[PDB]
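Next up: a single chain in structure tokens, the form deposited in one PDB entry.
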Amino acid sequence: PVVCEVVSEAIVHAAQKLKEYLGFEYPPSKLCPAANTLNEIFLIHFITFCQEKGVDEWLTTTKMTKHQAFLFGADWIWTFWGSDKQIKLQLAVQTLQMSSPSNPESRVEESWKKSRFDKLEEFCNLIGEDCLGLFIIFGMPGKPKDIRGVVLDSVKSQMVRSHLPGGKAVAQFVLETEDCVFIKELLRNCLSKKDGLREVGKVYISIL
């Protein structure tokens, strides 16, 4: 399954390119780059890596619009197509900045007061079994240039012990956890045996 190895290399490449911009603050201000800017930089490097390797035929990167990002609790979606022309996997990726601590609402006027965590969980429930939520943390408290990953199911499992809200649960999970699984070790279950993911256990996903 070539797509797994090439996409893992793409993820590590994009994160390493993004590390340059992490830990930057404007000269007088405490302001960092916008979350959308970081997400777009990461996505552009990732997609340019998937091109020149010829794997875009089996992988589609869809950046959520502002409306889609607000509704789905996802910042983009990776759809993995199989040997046939059928969808085999979907990763709903939400990014976080934990170097500094709110979701801005759209012009909806009909209701929607949930967290990004609950929205992502509901999105992945609605899509189906082969859709998994994935948090990517750009920078942690200390080590502002550290990029990590956490599967949503791991946080959900930790929530049966912590009994605290999902965002604080992801925050507690990115700390408190030293065991790591490499990104290529993950995603080896791309087009088969979706039980390997969602059963990754108490572990974070390391990029570099």
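So that the term is clear: the rigid core is the largest set of C-alpha atoms that superpose within 1.5 Å between two forms. We number the residues from 1 along the sequence you see.
Engineer: Enter the number of deposited residues without atomic coordinates between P101 and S102, binned as none, 1 to 3, 4 to 9, or 10 or more.
Structural biologist: Gap between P101 and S102: 10 or more residues without coordinates.
Engineer: According to the deposited model, is the average Cα temperature factor higher in 34 to 42 or in 137 to 145?
Structural biologist: It is 137 to 145.
Engineer: Mean C-alpha B factor from the entry: is it higher for 80 to 88 or for 127 to 135?
Structural biologist: Mean C-alpha B-factor is greater for 80 to 88.
Engineer: Within this chain, which third does the Cα B-factor at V155 fall in: lowest, middle or highest?
Structural biologist: Tercile = middle for this residue's CA B-factor.
Engineer: What third of the chain does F182 rank in for C-alpha temperature factor, lowest, middle or highest?
Structural biologist: Top third by C-alpha B-factor.
Engineer: By its CA B factor, does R107 count among the lowest, middle or highest third of the modelled residues in the chain?
Structural biologist: Answer is highest: the recorded C-alpha B-factor places it there.
Engineer: Can you work out whether the C-alpha temperature factor of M64 puts it in the lowest, middle or highest third of the chain?
Structural biologist: Its C-alpha B-factor belongs to the lowest third of this chain's values.
Omitted here: the form deposited in another entry. The next part is about that form.
Engineer: Compare C-alpha positions between the shown form and the other one after fitting on the rigid core and state which of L191, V200, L22, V12 moves by at least 2 angstroms.
Structural biologist: Once the cores are aligned, the residue moving by 2 Å or more is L191.
Engineer: Over in the other structure, so in the other form, do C190 and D153 pull closer or drift farther apart at the C-alpha level? The difference is 3 angstroms or more.
Structural biologist: Closer, not farther.
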